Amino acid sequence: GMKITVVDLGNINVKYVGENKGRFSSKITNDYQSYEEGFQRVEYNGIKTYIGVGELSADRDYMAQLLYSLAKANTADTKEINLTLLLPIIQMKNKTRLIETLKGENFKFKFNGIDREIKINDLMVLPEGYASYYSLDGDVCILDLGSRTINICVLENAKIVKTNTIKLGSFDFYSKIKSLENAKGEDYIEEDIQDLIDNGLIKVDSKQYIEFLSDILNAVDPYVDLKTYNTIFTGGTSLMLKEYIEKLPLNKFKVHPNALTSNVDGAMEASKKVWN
């Protein structure tokens, strides 16, 4: 039995499940420590990274957190594993580079001062939300509607067929509202607008939100037919448009504006079905 490990490289915390399970802060630093032995740390490819301290932030950062997680998840008798790697949806545009880095490769590194090594046999890279907000066994579309960018992740026949980015976001909607307001004699900038709508200093008609939603959907159309997928709208712009999104002619969909999360144990059970 090839051992399996799940690692979720989240923006706030990292979680892992192998022989052992754990969670640690996604903070990292490379700052020099005069008492290195008092810290969680990895040394890989000449870089010493302190784990769980420093700041929330890179290729070398993911590698540091991943290698640390794998050293914690399994003892040194484990020489190779199949890996399920869960990433925030925006970072899914790194999948191709990560597979080439990891699949079939051995890694030598120092873990809290101890030489360790781990080989990645097979590998699955999937967006956070796996096994908790969407299921694959398999036509899923995650639309992250951000301030400046739409990130699209399409999982078809249970594998990623597309990641795409579009330069359209709430920033553009607030730029349209700003224009209208200043034409009334105001002198706002874009960053003022959101808070002024919230507290009523700027009134916005439901028609304006509907038009902006239609611009988003038309920008997405060249890339993906949302009717054909189980579609999850996420991101802060999905919050702004929730009530209008829920009125759209889409069969299987959902609005979850906050970052998607995965039950790492649920992700492990799904992974055992893939490889065992």
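Sequential numbering from 1, following the sequence displayed.
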key: Between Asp187 and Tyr188 - deposited residues without coordinates, as a size class   = none
remark   = Unresolved deposited positions lying between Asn45 and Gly46 come to none
Mean Cα B-factor comparison, 120-128 or 198-206, giving the higher one as deposited = 198-206
inquiry  = Quick check: 29-37 versus 235-243, which has the larger average CA B-factor in the record?
reply    = 235-243
task = Using the temperature factors in the entry, find which of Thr101, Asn164, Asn157, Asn106 has the highest value at its Cα atom.
result = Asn157
note = Based on the PDB entry, the highest CA temperature factor among the options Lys110, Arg97, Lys178, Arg148 is that of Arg97
query = When the modelled residues of the chain are sorted by Cα temperature factor, does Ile4 land in the lowest, middle or highest third?
reply = middle
remark   = Entry-reported C-alpha B-factor of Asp144 relative to its chain, by third, is lowest
request  = Consider only the C-alpha atoms of the modelled residues in this chain, order them by B-factor as the entry records it, and name the third containing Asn82: lowest, middle or highest.
outcome  = middle
message = Quick check on the deposited entry: does the C-alpha B-factor of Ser214 sit in the lowest, middle or highest third of its chain?
response = highest
query = Taking the entry's C-alpha B-factors for this chain, is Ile114 in the lowest, middle or highest third?
reply = middle
